[PDB]
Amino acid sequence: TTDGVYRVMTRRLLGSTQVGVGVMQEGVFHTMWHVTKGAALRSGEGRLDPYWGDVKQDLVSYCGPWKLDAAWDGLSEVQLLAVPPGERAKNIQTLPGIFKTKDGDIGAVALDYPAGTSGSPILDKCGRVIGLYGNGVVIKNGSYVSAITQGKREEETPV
């Protein structure tokens, strides 16, 4: 569970398929729910068990609670650290648009990558992860816009 960005792979009898991406931080793995469907993960010879998740947010964390707490500041450019299937990690910079919802605005990036790029981190200029890529909409011309999806880092749970 060393810090960094990881591909999420599935293997049956033949080869492997990249189904998504996630972020290891503070010993917790963070990805989008639709990548793993909230099931357990293998890391080397070790098993990562789901710990927290929320299908409406389309998020899940493994080994501990959600750790990523940075937020888009609402006006600065951001970078998608895209990790596409079969391709090296690459940074793409963009100025987010907005998903306007009855409950508030969500930053959103008009960047279109393969489905298995889901869970790639979106970064601020300090390199902090301000959300994960891959829950979005298809607009009229067929292109894609992803929410900047971020979870809540809860305060330490009592004892």
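All residue numbers are counted from 1 along the displayed sequence.
145-153 and 5-13 differ in mean CA B-factor, and the higher of the two is recorded for 5-13. Higher mean CA temperature factor, per the PDB entry, when comparing 105-113 with 63-71: 63-71. The residue among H30, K90, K37, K56 whose C-alpha carries the highest B-factor in the deposited model is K90.
Highest C-alpha temperature factor among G131, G134, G44, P96 per the entry: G44. Per-chain ranking of the deposited C-alpha B factor places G119 in the lowest third.
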